[PDB]
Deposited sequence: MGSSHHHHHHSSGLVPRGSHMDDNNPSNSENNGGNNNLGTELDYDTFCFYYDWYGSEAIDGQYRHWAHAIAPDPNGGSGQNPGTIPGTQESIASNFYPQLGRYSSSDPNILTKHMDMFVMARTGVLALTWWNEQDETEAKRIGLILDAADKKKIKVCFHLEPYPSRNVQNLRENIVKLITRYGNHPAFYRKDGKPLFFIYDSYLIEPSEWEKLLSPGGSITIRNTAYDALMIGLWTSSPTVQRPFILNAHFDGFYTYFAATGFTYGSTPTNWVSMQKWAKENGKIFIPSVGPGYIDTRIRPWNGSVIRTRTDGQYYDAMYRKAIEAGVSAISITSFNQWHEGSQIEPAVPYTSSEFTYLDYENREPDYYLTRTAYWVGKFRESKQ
């Protein structure tokens, strides 16, 4: 009825600061991105003006605040989401190491598991990826909240297409020069499916990924994030021994930090958009689902509770006519439907 689902992975961001913990409102303050097609300015992260079109129920919180982390784990329990997929940027700073330890300890108190979402950090390549996979498994592999499926850790790899299949083969083929296959550091490696099947099918096969995900909460942003393609993507995956983990989300809007990106807006329609994405994932017959996102406030994809808020700087969007915790409860509903279908 209410147990956590360990085939549901929710993308989680630990880059927020507060004056209480960090001494600064990190990420609530954020540079405005220049138009790809310029002195754009910065959102200052004051109470009135934050880097989101929405406004958190918990305010300008710190991701290093143990009291905030506790409340977040309670929110995961409400949503029935059993795995927290943690953004990881290879910052190599004491604050990063501290935050990962706090998140693991908080998660374990509510039986939530943690896996890593490997980001496009500077000069990312298959050698430093191996070195960082080994570090992460050695440092956190014995923590009880560290996620495993059939004895293997799992990693999502954002913008995996930035590395050529001839490089991925070295790490992920059983014969690869620096392979993790059949070693103590073997893992499930889930790459990002973006574009058409004529490009993606050979990429995934040649790179030796164990599976693929789609990430984007905005329908139609890519081929992969267009749900009418998911039945055929699942059929191809099952035929080729690959795990398909489609990404579902409640909406998208990023125009505070990207004022030129309005065409990517997807409206929430009081939950109906989320319902349509989640239904299509379940209908495709997949064995795992990813949620974009718990708390990407910059991109307006969050299921974390939000509240009404107005200032002279900006009038924020909010969840009305639904209540602030609607997207947590609606997640729990769809987790129930997914479990019926497995």
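Trainee: How would you list, in order, the spans of the deposited sequence that the model does not cover?
Mentor: Counting from residue 1, the stretches without coordinates are 1 to 38, 76 to 79, 385.
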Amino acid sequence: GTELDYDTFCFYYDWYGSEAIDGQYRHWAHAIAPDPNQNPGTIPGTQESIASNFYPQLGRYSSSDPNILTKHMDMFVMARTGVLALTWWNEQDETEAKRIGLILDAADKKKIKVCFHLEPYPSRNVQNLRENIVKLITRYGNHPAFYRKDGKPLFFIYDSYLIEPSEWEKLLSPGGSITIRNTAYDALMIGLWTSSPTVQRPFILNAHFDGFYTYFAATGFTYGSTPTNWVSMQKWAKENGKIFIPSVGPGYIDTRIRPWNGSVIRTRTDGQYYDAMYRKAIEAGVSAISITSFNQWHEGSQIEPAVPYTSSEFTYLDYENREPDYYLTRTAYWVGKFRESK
From here on, numbers count along this sequence of modelled residues.
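Trainee: Looking only at CA atoms, which has the higher mean B factor in the entry: 157 to 165 or 88 to 96?
Mentor: Looking at the recorded C-alpha B-factors, 88 to 96 comes out higher on average.
Trainee: Averaging CA B factors per stretch from the PDB record, which one is higher: 38 to 46 or 303 to 311?
Mentor: Per the PDB entry, the higher value belongs to 38 to 46.
Trainee: Of the choices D108, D210, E131, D254, which one's C-alpha carries the largest B-factor in the record?
Mentor: Each of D108, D210, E131, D254 was compared by C-alpha B-factor; the highest is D108.
Trainee: Based on the PDB record, which member of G191, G224, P250, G151 exhibits the highest Cα temperature factor?
Mentor: Largest recorded C-alpha B-factor: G151.
Trainee: Going by what the PDB entry lists, where does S62 fall on CA B-factor within its chain: lowest, middle or highest third?
Mentor: Middle third of the chain for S62's C-alpha B-factor.
Trainee: Taking only the Cα B-factors deposited for this chain, tell me whether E119 sits in the lowest, middle or highest third.
Mentor: CA B-factor rank for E119: lowest third.
Trainee: Taking the chain's C-alpha temperature factors as the reference, tell me which third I291 falls into: lowest, middle or highest.
Mentor: Ranked within chain, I291 CA B lands in the lowest tercile.
Trainee: Quick check for you: using the entry's CA B-factors within this chain, is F216 in the lowest, middle or highest third?
Mentor: It belongs to the lowest third of the chain when residues are ordered by C-alpha B-factor.
Trainee: Check where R258 lands among this chain's C-alpha B-factors and tell me if it's the lowest, middle or highest third.
Mentor: Lowest third - that is where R258 ends up once the chain's C-alpha B-factors are sorted.
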